[PDB]
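A short worksheet on the structure shown next.
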Amino acid sequence: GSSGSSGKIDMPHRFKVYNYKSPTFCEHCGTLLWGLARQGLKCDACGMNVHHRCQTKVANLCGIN
Ligand SMILES: [Zn+2]
Ligand SMILES: [Zn+2]
């Protein structure tokens, strides 16, 4: 909590590396990901799969959208 008032807020995508065996699709470049242990990244907040770079290209609104 806090003392005051807030308005508009934006949060980044909690993208965390994941080691799995499945065909993942990027929500930005719309392509496949070829990896071994760092198979792209997956947001543990909203739940999205994007590349390491394609991640910094997505909006900084996790949960709001
Ligand atoms: Zn997110
Ligand atoms: Zn991508």
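Residues are referred to by chain and number: the chain letter is A, B, ... according to the order shown in the structure tokens, the number counts from 1 in that chain, and ligands are numbered separately from 1 in the order shown.
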Please report, as a Markdown table, each residue of chain A lying at most 10 Å from ligand 1, together with the nearest pair of atoms and the separation in Å rounded to one decimal; use only C-alpha atoms and all ligand atoms, and order rows by chain and ascending residue number.
| residue | atom | partner | partner_atom_place_in_ligand_line | distance |
| --- | --- | --- | --- | --- |
| A:11 | CA | ligand 1 | 1 (Zn) | 8.2 |
| A:12 | CA | ligand 1 | 1 (Zn) | 6.5 |
| A:13 | CA | ligand 1 | 1 (Zn) | 3.5 |
| A:14 | CA | ligand 1 | 1 (Zn) | 5.5 |
| A:15 | CA | ligand 1 | 1 (Zn) | 6.8 |
| A:42 | CA | ligand 1 | 1 (Zn) | 8.2 |
| A:43 | CA | ligand 1 | 1 (Zn) | 4.8 |
| A:44 | CA | ligand 1 | 1 (Zn) | 6.8 |
| A:45 | CA | ligand 1 | 1 (Zn) | 5.0 |
| A:46 | CA | ligand 1 | 1 (Zn) | 4.2 |
| A:47 | CA | ligand 1 | 1 (Zn) | 6.0 |
| A:48 | CA | ligand 1 | 1 (Zn) | 6.2 |
| A:49 | CA | ligand 1 | 1 (Zn) | 9.0 |
| A:50 | CA | ligand 1 | 1 (Zn) | 9.9 |
| A:55 | CA | ligand 1 | 1 (Zn) | 9.3 |
| A:58 | CA | ligand 1 | 1 (Zn) | 8.9 |
| A:59 | CA | ligand 1 | 1 (Zn) | 8.8 |
| A:60 | CA | ligand 1 | 1 (Zn) | 7.8 |
| A:61 | CA | ligand 1 | 1 (Zn) | 7.0 |
| A:62 | CA | ligand 1 | 1 (Zn) | 4.1 |
| A:63 | CA | ligand 1 | 1 (Zn) | 6.6 |
| A:64 | CA | ligand 1 | 1 (Zn) | 9.3 |
| A:65 | CA | ligand 1 | 1 (Zn) | 8.9 |
Can you check which parts of chain A lie within 12 Å of ligand 2? Per residue, the shortest pair of atoms and distance in Å to one decimal, counting only C-alpha atoms and all ligand atoms, sorted by chain and number, as JSON lines.
{"residue": "A:24", "atom": "CA", "partner": "ligand 2", "partner_atom_place_in_ligand_line": "1 (Zn)", "distance": 9.9}
{"residue": "A:25", "atom": "CA", "partner": "ligand 2", "partner_atom_place_in_ligand_line": "1 (Zn)", "distance": 7.6}
{"residue": "A:26", "atom": "CA", "partner": "ligand 2", "partner_atom_place_in_ligand_line": "1 (Zn)", "distance": 4.6}
{"residue": "A:27", "atom": "CA", "partner": "ligand 2", "partner_atom_place_in_ligand_line": "1 (Zn)", "distance": 6.9}
{"residue": "A:28", "atom": "CA", "partner": "ligand 2", "partner_atom_place_in_ligand_line": "1 (Zn)", "distance": 5.5}
{"residue": "A:29", "atom": "CA", "partner": "ligand 2", "partner_atom_place_in_ligand_line": "1 (Zn)", "distance": 4.3}
{"residue": "A:30", "atom": "CA", "partner": "ligand 2", "partner_atom_place_in_ligand_line": "1 (Zn)", "distance": 6.1}
{"residue": "A:31", "atom": "CA", "partner": "ligand 2", "partner_atom_place_in_ligand_line": "1 (Zn)", "distance": 5.9}
{"residue": "A:32", "atom": "CA", "partner": "ligand 2", "partner_atom_place_in_ligand_line": "1 (Zn)", "distance": 7.4}
{"residue": "A:33", "atom": "CA", "partner": "ligand 2", "partner_atom_place_in_ligand_line": "1 (Zn)", "distance": 7.4}
{"residue": "A:34", "atom": "CA", "partner": "ligand 2", "partner_atom_place_in_ligand_line": "1 (Zn)", "distance": 10.6}
{"residue": "A:39", "atom": "CA", "partner": "ligand 2", "partner_atom_place_in_ligand_line": "1 (Zn)", "distance": 11.2}
{"residue": "A:40", "atom": "CA", "partner": "ligand 2", "partner_atom_place_in_ligand_line": "1 (Zn)", "distance": 8.2}
{"residue": "A:41", "atom": "CA", "partner": "ligand 2", "partner_atom_place_in_ligand_line": "1 (Zn)", "distance": 9.6}
{"residue": "A:42", "atom": "CA", "partner": "ligand 2", "partner_atom_place_in_ligand_line": "1 (Zn)", "distance": 11.4}
{"residue": "A:48", "atom": "CA", "partner": "ligand 2", "partner_atom_place_in_ligand_line": "1 (Zn)", "distance": 11.2}
{"residue": "A:49", "atom": "CA", "partner": "ligand 2", "partner_atom_place_in_ligand_line": "1 (Zn)", "distance": 8.5}
{"residue": "A:50", "atom": "CA", "partner": "ligand 2", "partner_atom_place_in_ligand_line": "1 (Zn)", "distance": 5.2}
{"residue": "A:51", "atom": "CA", "partner": "ligand 2", "partner_atom_place_in_ligand_line": "1 (Zn)", "distance": 4.3}
{"residue": "A:52", "atom": "CA", "partner": "ligand 2", "partner_atom_place_in_ligand_line": "1 (Zn)", "distance": 7.4}
{"residue": "A:53", "atom": "CA", "partner": "ligand 2", "partner_atom_place_in_ligand_line": "1 (Zn)", "distance": 7.0}
{"residue": "A:54", "atom": "CA", "partner": "ligand 2", "partner_atom_place_in_ligand_line": "1 (Zn)", "distance": 4.6}
{"residue": "A:55", "atom": "CA", "partner": "ligand 2", "partner_atom_place_in_ligand_line": "1 (Zn)", "distance": 7.5}
{"residue": "A:56", "atom": "CA", "partner": "ligand 2", "partner_atom_place_in_ligand_line": "1 (Zn)", "distance": 10.2}
{"residue": "A:57", "atom": "CA", "partner": "ligand 2", "partner_atom_place_in_ligand_line": "1 (Zn)", "distance": 9.2}
{"residue": "A:58", "atom": "CA", "partner": "ligand 2", "partner_atom_place_in_ligand_line": "1 (Zn)", "distance": 10.0}
What is the CA of residue 19 in chain A to CA of residue 35 in chain A distance in Å?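 Interatomic distance, CA of residue 19 in chain A to CA of residue 35 in chain A: 8.8 Å.
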